[PDB]
Amino acid sequence: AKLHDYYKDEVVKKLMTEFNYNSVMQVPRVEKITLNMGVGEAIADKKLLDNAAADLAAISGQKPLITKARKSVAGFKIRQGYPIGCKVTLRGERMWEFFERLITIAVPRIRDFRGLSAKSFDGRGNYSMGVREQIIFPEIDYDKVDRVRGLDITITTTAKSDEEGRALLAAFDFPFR
Amino acid sequence: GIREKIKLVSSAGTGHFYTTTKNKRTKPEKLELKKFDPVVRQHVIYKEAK
Amino acid sequence: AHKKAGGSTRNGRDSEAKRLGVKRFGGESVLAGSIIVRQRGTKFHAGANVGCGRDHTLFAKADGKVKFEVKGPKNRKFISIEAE
Amino acid sequence: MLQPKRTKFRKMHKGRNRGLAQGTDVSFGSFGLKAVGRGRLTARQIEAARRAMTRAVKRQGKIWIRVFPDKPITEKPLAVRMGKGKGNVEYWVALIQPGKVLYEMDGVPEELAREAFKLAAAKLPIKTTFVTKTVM
Amino acid sequence: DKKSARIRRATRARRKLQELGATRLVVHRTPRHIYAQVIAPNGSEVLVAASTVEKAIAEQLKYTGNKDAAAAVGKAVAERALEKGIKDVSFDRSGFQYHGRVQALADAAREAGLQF
RNA sequence: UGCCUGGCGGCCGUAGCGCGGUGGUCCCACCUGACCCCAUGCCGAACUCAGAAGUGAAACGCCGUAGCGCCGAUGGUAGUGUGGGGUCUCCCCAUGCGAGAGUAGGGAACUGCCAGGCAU
RNA sequence: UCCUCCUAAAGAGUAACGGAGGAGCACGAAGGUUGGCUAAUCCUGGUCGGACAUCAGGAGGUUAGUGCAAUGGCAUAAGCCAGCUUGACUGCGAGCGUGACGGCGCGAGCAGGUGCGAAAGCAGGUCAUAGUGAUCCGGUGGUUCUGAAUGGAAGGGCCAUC
RNA sequence: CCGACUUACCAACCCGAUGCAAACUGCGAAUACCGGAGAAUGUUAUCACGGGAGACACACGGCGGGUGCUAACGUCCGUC
Ligand SMILES: [Mg+2]
Ligand SMILES: [Mg+2]
Ligand SMILES: [Mg+2]
Ligand SMILES: [Mg+2]
Ligand SMILES: [Mg+2]
Ligand SMILES: [Mg+2]
Ligand SMILES: [Mg+2]
Ligand SMILES: [Mg+2]
Ligand SMILES: [Mg+2]
Ligand SMILES: [Mg+2]
Ligand SMILES: [Mg+2]
Ligand SMILES: [Mg+2]
């Protein structure tokens, strides 16, 4: 919670002063971070998915969820019930630890960096993004992983709109344009 | 009509039995069930037979 | 030819009538075990002193007078019995 | 040739043409052709009337078809005996009750619309009449 | 949401008890308080009640919302039912699991004398 | 006795949606923490436990308001049982029953038991 | 031969070489019970990834789902998931439905012995309706029955089965 | 590096106005049927058991329909 404490001492009041919120809990707070990574090639090789699951358990210290097909789609040759994806949800101290790790170490390590887009808020303030490459996390040992495998990071926030969503992210010195 | 009639014989040795069906191409292992034995009036293990 | 031979239909099949419906109506005095309605699904639900069988046959669980009523948030049709 | 693009079933019972009509008012245009009698309008009959009626007004105004052939009619072939299943669908018809408005017209003078409906009604088996729109 | 899910959980036991025509001991649980009512078979009238929102019970309770609070309210509700003449009831957890205070309340009622 | 709140019902849209406002004494909810009792195909989100710092934001309750949902006559029409007629693919007459849709309107529920808080 | 719908005229039933579709199974879990859970579709945002894979939010509210046709039913789910388990129990059976009959179906409750649940309780197969074949003749196991002078035995009977 | 517009093209979903349905139903009769009570009328007209049958080729007419051509002194059902 080394950034949870950082949140509650300045950021709450910072949004309070500049948005005229009536109560302090009206200042939004990030509730969970969902770590999604859909392999899409388990049909070709089941065995690449367990290795992929191990990769995501290294980057974030949690066992990932193996998602099911949930519906048969012939355009991709999938039948329902087949393992197709990997998922983790992080809340509380583990969530904050992953958040600070991402922003401080990993986000600078992005190749061909230009920062992050500020328009991917789905209209309701919840951020979602995709990293192009996976070696950027120091948890995984370079040269011991089979292939590069990106993933999607979505920040689900209590914020009801993107404007106050941007205030929360910016008060964390999130990389906006 | 792939499923075939099989006989479940009590392990109590009283000669009573039940009849049912089993698919033998899959699940080829024996079927075991605690079922009521009308002769000794108790629940005993019934084993696959026939 | 002098006559033109016809074809053949392909729709000749039908199944036997199952004699479904309400056996005893409102106001009937029934014994225990009497069948009130024979159903496919639960068009009528079981109320007080009325039981529902495996094929959703509603039967009397007591002697008395049959009564139909509408209850519940969904306006479903229940069958109950006033013990008499 | 008016005809449903697809149907739930390809054959239908004969039925009965009873009762009065629904849609007895001029709801779209300003003038209308209203059926006085009852009977069946084939798609060919409806379409032949439409050709004469649209050609009468020199392709002016707007023309509305208010009826649709949705009832299929089967006919047994020549020299086949009774039975051996129902016949094959030959054509489609609409059932017409007294008072139903069959065609509507707008954008043209009343004296021209009256003449156009005369030529159009010459193609229909059922008695018709000329009606205009009214405020209810 | 939360309350709607709990009602859907409780509904099957509630309707089954109504069909059986059994006196039903309903338990309610909130983070600060726990509630218990003995309900007549017709379901509209209550017979006895005991809760931690009560002047008599609160002074003894150090902190309401505890298992000891559940034991106190269970003994209290059980003695009131016993002295009115009600001896056989059916438990209605009201969509809660029989693990903590619901189990604690039920366990408290057992020693004092209810039959369920 | 009046108001507020919680629980269990009656009832099953006149009762449900939407829009706006309003409440934290108690209550309710959010909420604090979690080796633990207990739990997550992972995750204290839910469930559970230990608590009461903050807050009524959401939710929930209450108040107001017809943009809907809903209820809804009178009259007429359709149909129709019995008997009788015609120009008989369909109608009509005597008599009885009499819709559906729509219209004028109504309408922001009413109510029972107990428990608590405030006031008298 | 059997099941579902319409014809079939608002109880049941109702014909045609009338209009349309299915069955001759499957499952020791896909059954019992306890606990838990709730879709289709669309919009917005998001690595490969696009109309359409996994993810977050929203709308929407069953427009999904049911092992297999159709109808009726299903949220207290009868739909989905997990733990434990064999009640897919044995002898009966008030009463009732449906058939000319053969027969078919439903069933509380009683007895014995069980499973799940803290308990109230639930369980005598499966959301229901097709998945089927009389009698004779034999085969197999058991049996407190019979046994052509008697004691056996063969054969027969009864029960369970092919 | 993510962009912002535009035109007389196509245009799904949705809205408003229209119809149609044996295998459509958020509505819904008249009758018919089942049951309870009451009077009057009816040579028990009702049920059960037993002795004896015949009959199981129907026809037309009305009304409600399928089939046929709302053709047939056609054909197949319901009801009188
Ligand atoms: Mg067919
Ligand atoms: Mg009227
Ligand atoms: Mg009306
Ligand atoms: Mg109306
Ligand atoms: Mg009928
Ligand atoms: Mg009828
Ligand atoms: Mg099943
Ligand atoms: Mg001898
Ligand atoms: Mg004969
Ligand atoms: Mg004959
Ligand atoms: Mg005849
Ligand atoms: Mg004849």
# chains A, B, ... in the order shown; residues from 1 in each chain; ligands from 1
>>> interface_residues(of="chain A", to="chain H", cutoff="12 Å", atoms="only C-alpha atoms (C1' of nucleotides)", output="ChimeraX atom specification")
/A:112-120,177
>>> write_last_selection(atoms="N, CA, C and O atoms", output="mmCIF file, in the first residue's frame")
data_model
loop_
_atom_site.group_PDB
_atom_site.id
_atom_site.type_symbol
_atom_site.label_atom_id
_atom_site.label_comp_id
_atom_site.auth_asym_id
_atom_site.auth_seq_id
_atom_site.Cartn_x
_atom_site.Cartn_y
_atom_site.Cartn_z
ATOM 1 N N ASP A 112 9.898 2.150 -28.216
ATOM 2 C CA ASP A 112 9.392 3.238 -29.065
ATOM 3 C C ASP A 112 8.355 4.079 -28.314
ATOM 4 O O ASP A 112 7.226 4.293 -28.755
ATOM 5 N N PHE A 113 8.799 4.622 -27.184
ATOM 6 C CA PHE A 113 7.874 5.258 -26.258
ATOM 7 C C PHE A 113 7.416 6.613 -26.782
ATOM 8 O O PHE A 113 8.196 7.379 -27.353
ATOM 9 N N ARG A 114 6.129 6.896 -26.579
ATOM 10 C CA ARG A 114 5.567 8.216 -26.826
ATOM 11 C C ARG A 114 4.561 8.563 -25.734
ATOM 12 O O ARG A 114 3.929 9.622 -25.794
ATOM 13 N N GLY A 115 4.479 7.750 -24.689
ATOM 14 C CA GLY A 115 3.542 7.924 -23.601
ATOM 15 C C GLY A 115 2.325 7.032 -23.717
ATOM 16 O O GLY A 115 2.402 5.948 -24.303
ATOM 17 N N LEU A 116 1.196 7.469 -23.164
ATOM 18 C CA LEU A 116 -0.038 6.702 -23.229
ATOM 19 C C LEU A 116 -1.222 7.554 -23.683
ATOM 20 O O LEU A 116 -1.314 8.741 -23.359
ATOM 21 N N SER A 117 -2.127 6.931 -24.445
ATOM 22 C CA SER A 117 -3.340 7.598 -24.914
ATOM 23 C C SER A 117 -4.316 7.910 -23.780
ATOM 24 O O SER A 117 -4.546 7.088 -22.892
ATOM 25 N N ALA A 118 -4.942 9.085 -23.853
ATOM 26 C CA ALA A 118 -5.930 9.539 -22.878
ATOM 27 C C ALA A 118 -7.376 9.469 -23.375
ATOM 28 O O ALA A 118 -8.266 10.017 -22.717
ATOM 29 N N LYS A 119 -7.637 8.813 -24.506
ATOM 30 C CA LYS A 119 -8.987 8.696 -25.057
ATOM 31 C C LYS A 119 -9.641 7.327 -24.890
ATOM 32 O O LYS A 119 -10.787 7.154 -25.317
ATOM 33 N N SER A 120 -8.960 6.356 -24.295
ATOM 34 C CA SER A 120 -9.483 4.994 -24.143
ATOM 35 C C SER A 120 -10.149 4.799 -22.779
ATOM 36 O O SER A 120 -9.739 3.968 -21.967
ATOM 37 N N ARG A 177 -0.892 12.908 -22.505
ATOM 38 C CA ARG A 177 -0.296 13.742 -23.547
ATOM 39 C C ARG A 177 0.056 15.128 -23.018
ATOM 40 O O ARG A 177 1.088 15.694 -23.376
#
>>> interface_residues(of="chain A", to="chain F", cutoff="8 Å", atoms="only C-alpha atoms (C1' of nucleotides)", output="compact mmCIF listing (two decimals) with N, CA, C and O atoms, in the first residue's frame")
# COMPACT_ATOMS: atom_id res chain seq x y z
N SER A 23 -18.65 15.30 -0.82
CA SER A 23 -18.11 14.42 0.20
C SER A 23 -16.79 13.83 -0.27
O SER A 23 -16.51 13.76 -1.47
N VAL A 24 -15.96 13.44 0.69
CA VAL A 24 -14.59 13.04 0.38
C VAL A 24 -14.56 11.73 -0.41
O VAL A 24 -13.71 11.55 -1.29
N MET A 25 -15.47 10.81 -0.11
CA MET A 25 -15.50 9.57 -0.88
C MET A 25 -16.05 9.76 -2.29
O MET A 25 -16.00 8.82 -3.09
N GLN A 26 -16.55 10.96 -2.61
CA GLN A 26 -16.86 11.30 -4.00
C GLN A 26 -15.61 11.37 -4.85
O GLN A 26 -15.68 11.19 -6.07
N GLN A 62 -0.01 -13.56 -8.99
CA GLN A 62 -1.27 -14.26 -8.81
C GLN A 62 -1.44 -15.35 -9.87
O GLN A 62 -1.01 -15.20 -11.02
N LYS A 63 -2.10 -16.44 -9.48
CA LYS A 63 -2.53 -17.47 -10.43
C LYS A 63 -3.64 -16.97 -11.35
O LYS A 63 -4.67 -16.48 -10.87
N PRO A 64 -3.48 -17.07 -12.66
CA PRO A 64 -4.44 -16.47 -13.59
C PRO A 64 -5.64 -17.38 -13.78
O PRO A 64 -5.57 -18.60 -13.58
N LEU A 65 -6.74 -16.77 -14.21
CA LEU A 65 -7.96 -17.50 -14.53
C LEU A 65 -7.95 -17.97 -15.97
O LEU A 65 -7.66 -17.19 -16.88
N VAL A 88 -6.49 -12.15 -14.41
CA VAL A 88 -6.30 -11.93 -12.98
C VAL A 88 -7.02 -10.64 -12.60
O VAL A 88 -7.01 -9.68 -13.37
N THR A 89 -7.62 -10.60 -11.41
CA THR A 89 -8.10 -9.35 -10.82
C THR A 89 -7.39 -9.05 -9.49
O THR A 89 -7.38 -9.90 -8.59
N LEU A 90 -6.82 -7.85 -9.38
CA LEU A 90 -6.06 -7.43 -8.20
C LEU A 90 -6.75 -6.27 -7.49
O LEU A 90 -7.08 -5.27 -8.13
N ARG A 91 -6.97 -6.40 -6.19
CA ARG A 91 -7.55 -5.33 -5.39
C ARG A 91 -6.75 -5.14 -4.11
O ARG A 91 -6.08 -6.06 -3.63
>>> residues_near_ligand(ligand="ligand 7", cutoff="9 Å", atoms="only C-alpha atoms (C1' of nucleotides) and all ligand atoms", output="NGL selection string")
:G and (27 or 30-31 or 66-67 or 78 or 126-127)
>>> write_last_selection(atoms="C-alpha atoms (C1' of nucleotides)", output="PDB file, in the first residue's frame")
ATOM      1  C1'   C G  27     -26.487 -40.597 -18.790  1.00  0.00           C
ATOM      2  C1'   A G  30     -26.412 -35.830 -17.570  1.00  0.00           C
ATOM      3  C1'   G G  31     -29.401 -39.292 -11.093  1.00  0.00           C
ATOM      4  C1'   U G  66     -33.066 -27.423 -21.644  1.00  0.00           C
ATOM      5  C1'   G G  67     -28.523 -34.354 -24.238  1.00  0.00           C
ATOM      6  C1'   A G  78     -36.824 -27.458 -14.217  1.00  0.00           C
ATOM      7  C1'   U G 126     -33.690 -37.750 -15.436  1.00  0.00           C
ATOM      8  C1'   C G 127     -38.435 -30.286 -16.944  1.00  0.00           C
TER       9        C G 127
END
>>> select_by_dssp(residues="chain B", states="strand (DSSP E or B)", output="list in words")
residues 4, 5, 6, 7, 8, 9, 10, 17, 18, 19, 20, 21, 22, 32, 33, 34, 35, 36, 37, 42, 43, 44, 45, 46, 47, 48 and 49 of chain B
>>> write_last_selection(atoms="C-alpha atoms", output="PDB file, in the first residue's frame")
ATOM      1  CA  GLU B   4     -26.030 -53.503 -23.045  1.00  0.00           C
ATOM      2  CA  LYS B   5     -27.790 -55.114 -20.107  1.00  0.00           C
ATOM      3  CA  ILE B   6     -25.521 -55.971 -17.180  1.00  0.00           C
ATOM      4  CA  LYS B   7     -26.147 -57.708 -13.870  1.00  0.00           C
ATOM      5  CA  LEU B   8     -25.071 -56.318 -10.490  1.00  0.00           C
ATOM      6  CA  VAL B   9     -24.594 -59.118  -7.954  1.00  0.00           C
ATOM      7  CA  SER B  10     -24.520 -58.491  -4.209  1.00  0.00           C
ATOM      8  CA  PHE B  17     -29.068 -59.097  -8.110  1.00  0.00           C
ATOM      9  CA  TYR B  18     -30.164 -55.959  -9.933  1.00  0.00           C
ATOM     10  CA  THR B  19     -30.130 -55.310 -13.671  1.00  0.00           C
ATOM     11  CA  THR B  20     -29.156 -52.140 -15.521  1.00  0.00           C
ATOM     12  CA  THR B  21     -27.299 -50.924 -18.620  1.00  0.00           C
ATOM     13  CA  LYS B  22     -23.729 -49.744 -19.144  1.00  0.00           C
ATOM     14  CA  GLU B  32     -19.812 -50.530  -7.827  1.00  0.00           C
ATOM     15  CA  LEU B  33     -22.745 -49.176  -5.823  1.00  0.00           C
ATOM     16  CA  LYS B  34     -24.012 -49.594  -2.267  1.00  0.00           C
ATOM     17  CA  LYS B  35     -27.494 -50.948  -2.938  1.00  0.00           C
ATOM     18  CA  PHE B  36     -30.186 -52.521  -0.776  1.00  0.00           C
ATOM     19  CA  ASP B  37     -30.188 -56.304  -0.438  1.00  0.00           C
ATOM     20  CA  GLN B  42     -29.143 -54.348   4.604  1.00  0.00           C
ATOM     21  CA  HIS B  43     -27.098 -52.112   2.305  1.00  0.00           C
ATOM     22  CA  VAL B  44     -24.137 -53.994   0.788  1.00  0.00           C
ATOM     23  CA  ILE B  45     -21.689 -53.521  -2.071  1.00  0.00           C
ATOM     24  CA  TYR B  46     -22.923 -54.777  -5.454  1.00  0.00           C
ATOM     25  CA  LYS B  47     -20.319 -55.737  -8.062  1.00  0.00           C
ATOM     26  CA  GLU B  48     -20.466 -56.040 -11.843  1.00  0.00           C
ATOM     27  CA  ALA B  49     -21.204 -59.487 -13.251  1.00  0.00           C
TER      28      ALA B  49
END
>>> interface_residues(of="chain G", to="chain E", cutoff="12 Å", atoms="only C-alpha atoms (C1' of nucleotides)", output="JSON, numbers by chain")
{"G": [34, 35, 36, 37, 38, 75, 76, 77, 117, 118, 119, 120, 121, 122]}
>>> write_last_selection(atoms="C-alpha atoms (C1' of nucleotides)", output="PDB file, in the first residue's frame")
ATOM      1  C1'   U G  34     -26.700 -29.234   0.034  1.00  0.00           C
ATOM      2  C1'   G G  35     -24.528 -24.715  -1.016  1.00  0.00           C
ATOM      3  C1'   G G  36     -23.692 -21.191  -4.562  1.00  0.00           C
ATOM      4  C1'   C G  37     -24.717 -18.568  -9.498  1.00  0.00           C
ATOM      5  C1'   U G  38     -27.932 -16.088 -13.646  1.00  0.00           C
ATOM      6  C1'   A G  75     -35.894 -17.457 -11.778  1.00  0.00           C
ATOM      7  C1'   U G  76     -38.292 -20.598  -5.425  1.00  0.00           C
ATOM      8  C1'   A G  77     -35.425 -21.972 -11.822  1.00  0.00           C
ATOM      9  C1'   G G 117     -28.588 -31.327   5.113  1.00  0.00           C
ATOM     10  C1'   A G 118     -27.378 -27.997  11.446  1.00  0.00           C
ATOM     11  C1'   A G 119     -32.393 -28.536  10.870  1.00  0.00           C
ATOM     12  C1'   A G 120     -37.312 -27.953   8.918  1.00  0.00           C
ATOM     13  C1'   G G 121     -37.030 -31.401   5.042  1.00  0.00           C
ATOM     14  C1'   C G 122     -35.948 -33.643   0.160  1.00  0.00           C
TER      15        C G 122
END
>>> residues_near_ligand(ligand="ligand 5", cutoff="10 Å", atoms="only C-alpha atoms (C1' of nucleotides) and all ligand atoms", output="PDB file with N, CA and C atoms (P, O5', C5', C4', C3', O3' and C1' of nucleotides), in the first residue's frame")
ATOM      1  N   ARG C  19     -55.400 -37.059 -23.258  1.00  0.00           N
ATOM      2  CA  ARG C  19     -56.491 -36.829 -22.311  1.00  0.00           C
ATOM      3  C   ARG C  19     -56.050 -35.895 -21.187  1.00  0.00           C
ATOM      4  N   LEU C  20     -55.383 -34.810 -21.565  1.00  0.00           N
ATOM      5  CA  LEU C  20     -54.972 -33.804 -20.604  1.00  0.00           C
ATOM      6  C   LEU C  20     -56.129 -32.862 -20.298  1.00  0.00           C
ATOM      7  N   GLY C  21     -55.961 -32.070 -19.250  1.00  0.00           N
ATOM      8  CA  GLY C  21     -56.922 -31.051 -18.909  1.00  0.00           C
ATOM      9  C   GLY C  21     -57.334 -31.158 -17.466  1.00  0.00           C
TER      10      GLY C  21
ATOM     11  P     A G   8     -61.585 -27.873 -37.724  1.00  0.00           P
ATOM     12  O5'   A G   8     -61.219 -28.054 -36.192  1.00  0.00           O
ATOM     13  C5'   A G   8     -62.169 -27.764 -35.179  1.00  0.00           C
ATOM     14  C4'   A G   8     -61.706 -28.276 -33.841  1.00  0.00           C
ATOM     15  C3'   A G   8     -60.374 -27.719 -33.358  1.00  0.00           C
ATOM     16  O3'   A G   8     -60.422 -27.646 -31.933  1.00  0.00           O
ATOM     17  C1'   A G   8     -60.206 -30.059 -33.587  1.00  0.00           C
ATOM     18  P     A G   9     -61.025 -26.354 -31.191  1.00  0.00           P
ATOM     19  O5'   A G   9     -62.339 -25.995 -32.020  1.00  0.00           O
ATOM     20  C5'   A G   9     -62.803 -24.657 -32.118  1.00  0.00           C
ATOM     21  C4'   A G   9     -64.258 -24.582 -32.509  1.00  0.00           C
ATOM     22  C3'   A G   9     -65.254 -25.213 -31.552  1.00  0.00           C
ATOM     23  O3'   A G   9     -65.584 -24.339 -30.488  1.00  0.00           O
ATOM     24  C1'   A G   9     -65.784 -25.782 -33.811  1.00  0.00           C
ATOM     25  P     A G  10     -65.628 -24.875 -28.977  1.00  0.00           P
ATOM     26  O5'   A G  10     -64.090 -25.062 -28.611  1.00  0.00           O
ATOM     27  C5'   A G  10     -63.209 -23.952 -28.624  1.00  0.00           C
ATOM     28  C4'   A G  10     -62.467 -23.789 -27.323  1.00  0.00           C
ATOM     29  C3'   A G  10     -63.180 -24.292 -26.080  1.00  0.00           C
ATOM     30  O3'   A G  10     -63.043 -25.685 -25.878  1.00  0.00           O
ATOM     31  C1'   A G  10     -62.442 -22.102 -25.695  1.00  0.00           C
ATOM     32  P     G G  11     -64.288 -26.526 -25.323  1.00  0.00           P
ATOM     33  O5'   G G  11     -63.668 -27.474 -24.208  1.00  0.00           O
ATOM     34  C5'   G G  11     -62.843 -26.956 -23.178  1.00  0.00           C
ATOM     35  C4'   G G  11     -62.589 -27.995 -22.116  1.00  0.00           C
ATOM     36  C3'   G G  11     -62.131 -29.358 -22.611  1.00  0.00           C
ATOM     37  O3'   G G  11     -60.727 -29.414 -22.811  1.00  0.00           O
ATOM     38  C1'   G G  11     -63.953 -29.634 -21.139  1.00  0.00           C
ATOM     39  P     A G  12     -60.108 -30.190 -24.073  1.00  0.00           P
ATOM     40  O5'   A G  12     -60.490 -31.710 -23.820  1.00  0.00           O
ATOM     41  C5'   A G  12     -59.867 -32.463 -22.794  1.00  0.00           C
ATOM     42  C4'   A G  12     -60.391 -33.874 -22.777  1.00  0.00           C
ATOM     43  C3'   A G  12     -60.284 -34.640 -24.084  1.00  0.00           C
ATOM     44  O3'   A G  12     -59.006 -35.216 -24.266  1.00  0.00           O
ATOM     45  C1'   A G  12     -62.461 -34.884 -23.191  1.00  0.00           C
ATOM     46  P     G G  13     -58.254 -35.128 -25.681  1.00  0.00           P
ATOM     47  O5'   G G  13     -59.087 -36.079 -26.650  1.00  0.00           O
ATOM     48  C5'   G G  13     -59.245 -37.465 -26.389  1.00  0.00           C
ATOM     49  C4'   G G  13     -60.392 -38.035 -27.186  1.00  0.00           C
ATOM     50  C3'   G G  13     -60.350 -37.780 -28.685  1.00  0.00           C
ATOM     51  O3'   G G  13     -59.561 -38.721 -29.389  1.00  0.00           O
ATOM     52  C1'   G G  13     -62.485 -37.205 -27.854  1.00  0.00           C
ATOM     53  P     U G  14     -58.589 -38.237 -30.572  1.00  0.00           P
ATOM     54  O5'   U G  14     -59.547 -38.065 -31.828  1.00  0.00           O
ATOM     55  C5'   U G  14     -60.449 -39.086 -32.216  1.00  0.00           C
ATOM     56  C4'   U G  14     -61.550 -38.530 -33.082  1.00  0.00           C
ATOM     57  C3'   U G  14     -61.096 -37.705 -34.276  1.00  0.00           C
ATOM     58  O3'   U G  14     -60.806 -38.508 -35.405  1.00  0.00           O
ATOM     59  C1'   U G  14     -62.796 -36.543 -33.100  1.00  0.00           C
TER      60        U G  14
END
>>> residues_near_ligand(ligand="ligand 12", cutoff="9 Å", atoms="only C-alpha atoms (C1' of nucleotides) and all ligand atoms", output="list in words")
residues 59, 60, 73, 74 and 75 of chain H
>>> residues_around(residues="residue 99 (chain D)", least_positions_apart="5", cutoff="8 Å", atoms="only C-alpha atoms (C1' of nucleotides)", output="ChimeraX atom specification")
/D:20-24,34-37
>>> residues_near_ligand(ligand="ligand 4", cutoff="8 Å", atoms="only C-alpha atoms (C1' of nucleotides) and all ligand atoms", output="list in words")
residues 72, 101 and 102 of chain F
>>> decode(residues="region 86-104 of chain F", atoms="C-alpha atoms (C1' of nucleotides)", output="PDB file, in the first residue's frame")
ATOM      1  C1'   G F  86     -83.179 -13.651 -48.105  1.00  0.00           C
ATOM      2  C1'   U F  87     -80.661 -11.921 -53.583  1.00  0.00           C
ATOM      3  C1'   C F  88     -77.590 -18.080 -49.410  1.00  0.00           C
ATOM      4  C1'   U F  89     -68.976 -18.418 -50.950  1.00  0.00           C
ATOM      5  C1'   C F  90     -72.483 -14.192 -47.329  1.00  0.00           C
ATOM      6  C1'   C F  91     -75.996 -11.715 -44.692  1.00  0.00           C
ATOM      7  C1'   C F  92     -80.999  -9.986 -42.378  1.00  0.00           C
ATOM      8  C1'   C F  93     -85.122  -9.977 -38.565  1.00  0.00           C
ATOM      9  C1'   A F  94     -87.216 -11.044 -33.191  1.00  0.00           C
ATOM     10  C1'   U F  95     -84.941 -12.059 -28.542  1.00  0.00           C
ATOM     11  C1'   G F  96     -80.919 -13.096 -25.034  1.00  0.00           C
ATOM     12  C1'   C F  97     -75.606 -12.567 -24.093  1.00  0.00           C
ATOM     13  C1'   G F  98     -72.241  -8.875 -25.711  1.00  0.00           C
ATOM     14  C1'   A F  99     -66.473  -8.097 -26.828  1.00  0.00           C
ATOM     15  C1'   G F 100     -61.409  -6.419 -28.541  1.00  0.00           C
ATOM     16  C1'   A F 101     -59.399  -1.895 -29.862  1.00  0.00           C
ATOM     17  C1'   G F 102     -60.244   3.137 -28.885  1.00  0.00           C
ATOM     18  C1'   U F 103     -62.201   7.555 -26.173  1.00  0.00           C
ATOM     19  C1'   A F 104     -63.454  10.780 -21.706  1.00  0.00           C
TER      20        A F 104
END
